[PDB]
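Participant: The data below comprise the sequence and an experimental structure of the protein.
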Amino acid sequence: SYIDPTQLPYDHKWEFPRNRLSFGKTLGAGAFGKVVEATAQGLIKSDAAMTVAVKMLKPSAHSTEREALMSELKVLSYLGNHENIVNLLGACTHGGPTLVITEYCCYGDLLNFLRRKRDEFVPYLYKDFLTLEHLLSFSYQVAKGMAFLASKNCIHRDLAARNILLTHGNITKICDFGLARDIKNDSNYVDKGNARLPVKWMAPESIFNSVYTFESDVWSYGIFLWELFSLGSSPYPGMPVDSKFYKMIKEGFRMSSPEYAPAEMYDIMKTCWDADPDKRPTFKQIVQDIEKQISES
Ligand SMILES: *C(C)CC1=Nc2ccc(NC(=O)Cc3ncc(Oc4ccnc5cc(OC)ccc45)cc3OC)cc2C(C)(C)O1
C-alpha cells in the first residue's frame, strides 16, 4: 500500500442522518458486511427522495472489520468525484454503526450483466443488444477510472468484472464490495495460506511475494479484459488453482484470446501479463491505446 487510510482525514460535510434512510433489499452480502438499497429523503436539497446504496457491517463483524469500514470511508472521501468510480454521497459515523452511502448503479455488477447479456450479444434497436462498441467503451472507462486511482496512489488489489458496476448511459464505475462479498463460497477466491484470495486475477509477484503495486493492478486489468471479451466467462477455464497452476503462470503460460476480443485488445492483455512488471503498460498508456482503437473503429 502507498497510502495509510488511517492518517486520512474525514470531512464531517459527508455526515447524513440515518433516520432519513429507508432500507430496501440486500444488494450483496458477505460474512461481516452487506450492501443494501435505500431511499434517502432530504439528500437532494429540493426534498425529492433518491435511491442510494449503503455499505454497512453485520452484527457478526469484529474490531478489524470496524476499522476497515472507517478506513474505506476515509479513502472514498479522499478520492473525490470521478465519473468512472462509485461516488460517495454521505456517511453516518455517529449514533450507530458506520454507514457508507454511495450512488446507486441500476444495472449492478458488470460480471452478472455480461452473463445475462451473453446470449443476445451482437459483434456489429429497442432490444438493447450488447455490442463490441459497448465492450470497447467498458474497457476504456475502466482504464480511465484505474488511471485516476493510480494518480491518487491507490492500489485496488481486487480489480475484476465482479467489482465494476454499470449505471445509466453504459457508464461503468469501479467499486470494491470487499466485506459485502461472500468470498468463502465464491469459487473465484482460493485458500492461499490463511487468506481467501482471487488468485486467477493476481500477478505472479502478488501470489509469490504478497507485493501489490500499480503494475499488479495492470495484470488484473488484463484478466478483467479477458472476462469482458469472453462475455463473463471465468478465467483459465477448466484449470483448477493448484500447484500446476502456480508452476504454469511462473513459467509463462498465458490465456489465448477470448472469442470476441479484437487483436489490438488481446495485444493489451499480453503486455498486462508480462512477467516483468516494468514491461507492463501503465493505465494511462492503456487509455491512450483504447481511445485510438475507438476512433479508428
Ligand atoms: C484505493 C485504495 C482504491 C480504492 N479503494 C476502494 C475501497 C473501498 C471502496 N468501496 C466501495 O466501492 C463500496 C461499495 N461497493 C459496492 C457497492 O455496491 C453498489 C453500489 C451502487 N449500486 C449498486 C447496485 C447494485 O445492484 C443494482 C449492487 C451493488 C451496488 C456499494 C458500496 O458502497 C455503498 C471503493 C474503493 C475504490 C474502488 C474507489 O478505490
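Facilitator: Sure thing, it's come through. Numbering: from 1, shown residues only.
Participant: how's this structure carved up into domains?
Facilitator: Residue ranges for the domains of the chain, per CATH domains of a matching chain: 9-104, 105-290.
Participant: okay if I get the ones you listed as CSV plus mean neighbour count and distance to the ligand?
Facilitator: Quick note: C-beta positions are derived from backbone N, CA and C, even for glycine. CSV is the format used below for those (neighbours: other CB atoms under 10 Å; distance: least, CB to the nearest ligand atom, whole Å):
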stretch, mean neighbour count, distance to the ligand
domain 9-104, 16, 3
domain 105-290, 17, 3
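Participant: Let's have those domains in TSV, adding distance to residue 297.
Facilitator: Shown next, in TSV, are those (distance: least, CB to CB, whole Å):
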stretch	distance to residue 297
domain 9-104	20
domain 105-290	7
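Participant: so which of these gets nearest residue 3?
Facilitator: domain 105-290 (5.2 Å; CB to CB).
Participant: okay, how far is it across that closest one, tip to tip?
Facilitator: In domain 105-290, first residue to last residue: 24 Å (CA to CA, to the nearest Å).
Participant: same deal with stretch 270-277?
Facilitator: Span of stretch 270-277 from end to end, CA to CA: 12 Å.
Participant: Equivalent analysis for stretch 235-253, please.
Facilitator: End-to-end for stretch 235-253, by CA to CA: 13 Å.
Participant: Contacts for stretch 87-102, please.
Facilitator: For stretch 87-102, contacts defined as CB atoms under 8 Å, 6 or more residues apart in numbering pick out 10, 14-18, 21, 38, 40, 43, 52-57, 66, 69-70, 72-73, 76-77, 79, 81, 86, 103, 173, 175.
Participant: Determine the three-state secondary structure at the residue nearest to residue 89 when sequence neighbours are not counted.
Facilitator: Leaving aside its sequence neighbours, residue 89 sits nearest to residue 101 (CB to CB, 6 or more residues apart in numbering; 4.8 Å). With DSSP: H, G, I helix; E, B strand; the rest coil as the basis, residue 101 sits in strand.
Participant: got it, and the one 4 residues further on?
Facilitator: Three states are possible here, and by three-state DSSP the one that applies to residue 105 is coil.
Participant: so it touches residue 173, yeah?
Facilitator: Yes: counting by CB atoms under 8 Å, residue 105 touches residue 173, with 5.8 Å between them.
Participant: any common contacting residues for the two?
Facilitator: 86, 165, 166, 167.
Participant: Residue 137: helix or strand, and which one exactly?
Facilitator: Following DSSP states H and E, the helix or strand that holds residue 137 is helix 132-151.
Participant: How far away from the center of its chain is that helix?
Facilitator: 11 Å (CA atoms, centre = their mean, to the nearest Å).
Participant: how far away is the residue nearest to residue 153 when sequence neighbours are not counted from residue 75?
Facilitator: Of all residues not flanking residue 153 in the chain, residue 2 sits nearest, at 4.2 Å (CB to CB, 6+ apart). Per CB to CB, to the nearest Å, residue 2 is found 12 Å from residue 75.
Participant: try residue 224
Facilitator: Distance from residue 224 to residue 75, by CB to CB: 21 Å.
Participant: before we move on, what about residue 135?
Facilitator: Distance from residue 135 to residue 75, by CB to CB: 29 Å.
Participant: Give me the residue at the spatial middle of this structure.
Facilitator: Centroid-nearest residue in the chain, with CA atoms, centre = their mean: residue 163, separated by 2.7 Å.
Participant: In contact with that residue, which residues?
Facilitator: Here residue 163 is in contact with 109, 156, 174, 175, 176, 177 (CB under 8 Å, 6+ apart).
Participant: can you do 7 Å?
Facilitator: Residues in contact with residue 163 (CB atoms under 7 Å, 6 or more residues apart in numbering) are 174, 175, 176, 177.
Participant: sorry, back to before: give me the residues contacting the helix holding residue 137.
Facilitator: Contacts of helix 132-151 (CB under 7 Å, 6+ apart): 82, 84-85, 110, 123-124, 156, 159, 164, 170-172, 174, 214, 217, 221, 224-225, 228-229, 260, 265, 283-284, 286-287, 290-291, 293-294, 297.
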